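Here the structure is laid out as structure tokens; the discussion comes afterwards.
Cβ placement follows ideal geometry from the backbone for every residue including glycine, while neighbour counts extend to all protein chains displayed. Bear in mind that the values in this text are calculations on the coordinates, not laboratory data.
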Amino acid sequence: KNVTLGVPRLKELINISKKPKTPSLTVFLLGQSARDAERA
DNA sequence: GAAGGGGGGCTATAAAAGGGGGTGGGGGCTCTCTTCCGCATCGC
């Protein structure tokens with residue numbers, strides 16, 4: 001995966017934008033899904 | 001037919017006369033925010 005970084009990312013944070021260049025969502029699994037690849 | 005020659009008109013100078021014509025001068029690239037339109041929704 002690729003995520004915007006450096007100056008272009010700094011702009012998105014201070015130029016707060018409705019549509020980021022590379023929106024992302026880090027999801028953490030709660031139950032047995034976290035420790036089981038099949039269940040994940 | 002080329003070339004030199006001769007005769008005559010053009011040029012300026014003043015001045016008057018009177019009118020036509022010439023001349024010049026007026027006038028009828030990217031990101032963000034805002035606005036408008038179509039739609040579906042309820043309401044009465």
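How about chain A: which trypsin sites (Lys or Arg not before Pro) there are in a DSSP loop, with at most 14 other Cβ atoms within 10 Å of their Cβ?
A:1, A:18, A:21, A:35, A:39
In deg cm²/dmol and to the nearest 500, what is the mean residue ellipticity at 222 nm of chain A if only DSSP H runs of at least 4 residues count, each as -39500 (n - 2.57), divided by the residue total?
That comes out to -6500 deg cm²/dmol.
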